[PDB]
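Down below is the structure, laid out as structure tokens.
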Amino acid sequence: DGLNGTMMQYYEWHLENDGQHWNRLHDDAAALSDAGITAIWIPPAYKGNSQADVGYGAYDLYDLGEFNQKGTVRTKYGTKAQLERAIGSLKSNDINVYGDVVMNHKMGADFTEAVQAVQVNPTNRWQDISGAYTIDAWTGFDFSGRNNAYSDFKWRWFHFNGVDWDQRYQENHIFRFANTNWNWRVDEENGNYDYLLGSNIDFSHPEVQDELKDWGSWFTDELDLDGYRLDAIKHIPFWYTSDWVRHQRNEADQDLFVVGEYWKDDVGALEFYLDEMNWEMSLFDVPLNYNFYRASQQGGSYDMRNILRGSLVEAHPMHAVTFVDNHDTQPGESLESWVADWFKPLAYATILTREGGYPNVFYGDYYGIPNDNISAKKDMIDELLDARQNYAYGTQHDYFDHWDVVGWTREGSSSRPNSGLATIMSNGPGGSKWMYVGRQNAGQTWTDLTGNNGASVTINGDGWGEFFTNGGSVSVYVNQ
Ligand code: NA
Ligand code: NA
Ligand SMILES: [Rb+]
Ligand SMILES: [Rb+]
Ligand SMILES: [Rb+]
Ligand SMILES: [Rb+]
Ligand SMILES: [Rb+]
Ligand SMILES: [Rb+]
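Okay, so the sequence shown: first residue is 1 according to the entry's author numbering, each after it adds one.
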């Protein structure tokens with residue numbers, strides 16, 4: 001028993017469209033469990049716009065690589081049977097499975113429909129910039145191929161309220177359907193960030209509200225999930241996300257972890273959303289994400305004392321999911337804010353060896369991102385996992401007392417023999433620092449699990465030791 005969980009996003013933007021990913025997941029289970037991974041966040045497992053869609057161009061939430069639709073049976077990751085087989089593997093290996101959930105929109109409509117619409121100011125959706133006129137939007141969904149298995153709900157323009165393309169005159173505009181309202185409440189960037197892309201779902205319709213609740217349960221039961229990764233929730237009316245969440249926990253016997261992706265470098269904005277959520281879920285720590293980014297970008301001059309400043313984990317470590325990067329921040333993607341190889345080791349140590357926050361390992365970092373010649377960091381990360389899995393326990397002591405060199409420690413716990421660790425790093429010239437680690441660990445001799453520093457540190461009578469690190473490096477001394 002015990003604890004210390006570590007989540008892993010098992011996919012990157014440029015994975016190969018060989019539909020063999022679910023299978024890899026299945027053969028990788030044990031290795032991941034053993035390495036310290038306790039939970040896996042899988043990508044949207046339902047049929048998207050096309051076979052090579054990463055998952056967010058969601059077409060049919062009921063087709064998990066089972067029906068021949070959108071030019072393919074399988075999804076980019078594989079067939080429904082292979083995914084169920086993978087999940088079984090993860091389960092028997094004690095890894096929780098969280099599903100990525102896309103409810104903000106739908107894409108790949110089978111046919112267009114005449115709709116009265118108005119163009120809105122892109123920087124202020126509240127403002128129209130054209131009169132109402134008929135446009136041909138792609139909103140008709142009949143799911144030919146599924147033959148109403150699991151559900152016969154058909155989508156139509158009136159279930160939506162906006163699109164960014166008009167097939168009639170063939171132009172791009174942010175179209176608000178006439179006489180419909182933008183969802184609310186939602187992020188106020190651009191005035192009203194309800195619309196992002198694809199066919200935007202309007203949740204005011206009760207039949208919509210139930211179809212997604214009904215689907216959610218179907219989904220959860222069909223895959224035997226343990227939680228969800230909620231996509232683009234800052235564009236989804238808050239009240240409904242909340243209702244939806246509460247609805248799922250109501251139908252499912254098993255516990256359900258919930259992390260929502262409210263993407264905004266602004267902790268307040270996330271706290272507000274969390275208030276509205278009555279803290280019934282966690283949120284990826286995006287400010288932290290950009291903190292790491294800013295640091296990776298600036299170099300040593302960056303004042304390491306403010307590395308956690310602004311983060312979410314800093315203020316509500318209980319509802320923060322920490323990470324360094326993802327498919328949106330990887331090079332070339334929409335939200336690019338990639339943490340360079342030099343700083344990435346420090347960032348991972350920060351979210352992996354500290355007590356606050358639920359850390360998430362990025363598939364791209366772990367196995368590398370070939371497309372962009374980014375090396376796999378399995379080695380650097382496994383050592384930290386070993387740290388987290390076996391040494392990151394007990395009382396914590398922080399030392400963000402210097403702009404370049406900073407560190408922290410964990411006294412270890414009675415329940416976990418030999419646990420205990422001291423993390424130190426510098427984003428500038430190297431240095432050393434005296435840190436407390438628990439008088440009960442006196443006389444022990446600690447060494448760096450990362451091998452970035454040969455120093456052998458001995459704990460004195462008072463429980464103090466002097467730890468070292470070279471420039472731009474991180475070390476995690478433990479009693480191995
Ligand atoms: Na929306
Ligand atoms: Na510095
Ligand atoms: Rb089809
Ligand atoms: Rb329940
Ligand atoms: Rb990042
Ligand atoms: Rb200990
Ligand atoms: Rb090493
Ligand atoms: Rb030792």
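All C-beta atoms, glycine included, are put in the ideal place defined by N, C-alpha and C.
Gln248 and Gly472 have their alpha carbons spaced roughly 45 Å apart. No heavy atom of ligand 4 is found nearer than 7 Å to the CB of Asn452.
At a Cβ-Cβ threshold of 8 Å, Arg388 and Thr353 count as neighbours. Closest in alpha carbon position to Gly461, among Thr445, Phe67, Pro122, is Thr445. In this structure, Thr123 is the residue among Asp221, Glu66, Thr123, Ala422 with its C-alpha nearest to the C-alpha of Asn190. Annotation for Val361: the continuous beta strand (DSSP E) segment containing it runs 358-362. In the displayed model, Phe153 falls within coil according to three-state DSSP, outside both helix and strand. With a 10 Å radius around the Cβ and a threshold of 16 neighbouring Cβ atoms, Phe468 comes out buried.
DSSP places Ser375 in the coil class of the three-state scheme, outside both helix and strand. Proximity of the beta carbon of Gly300 to ligand 2 is indicated: a heavy atom of the ligand is located closer than 7 Å. C-alpha of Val120 to C-alpha of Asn172: approximately 11 Å in a straight line.
Taking every residue with its beta carbon within less than 7 Å of a heavy atom belonging to ligand 4 gives, in chain order, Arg249, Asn250, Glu251, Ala252, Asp253. Burial check for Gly19: the Cβ neighbour count within 10 Å reaches 16 or more, so the residue is buried. Contact annotation: the stretch 99-112 does not touch the stretch 19-39, with fewer than three C-beta pairs closer than 8 Å.
For the set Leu384, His105, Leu64, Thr6, the Cα lying nearest the Cα of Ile233 is the one of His105. For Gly198, the number of other beta carbons within 10 angstroms of its own is at least 16, and it is reported as buried. Between ligand 3 and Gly145, a heavy atom-to-CB distance of less than 7 Å is present. Counting along the chain, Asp275 sits inside the alpha helix (DSSP H) bounded by residues 267-277.
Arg294: member of the alpha helix (DSSP H) spanning 286-298, first to last residue. With 7 Å as the limit between CB and the heavy atoms of ligand 5, the residues that fall short of it are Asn289, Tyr290, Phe292, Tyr293, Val324, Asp325, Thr329, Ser337, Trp338, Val339. The C-alpha of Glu333 is placed about 22 Å away from the C-alpha of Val163. Taken in chain order, the complete alpha helix (DSSP H) segments of 4 residues or longer contained in the stretch 14-76 are 21-34. Residue range 80-92 is occupied by the alpha helix (DSSP H) that includes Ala81, with no beta strand (DSSP E) assigned at that position. Per the DSSP secondary-structure output, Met7 pairs in a beta bridge with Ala39, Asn360.
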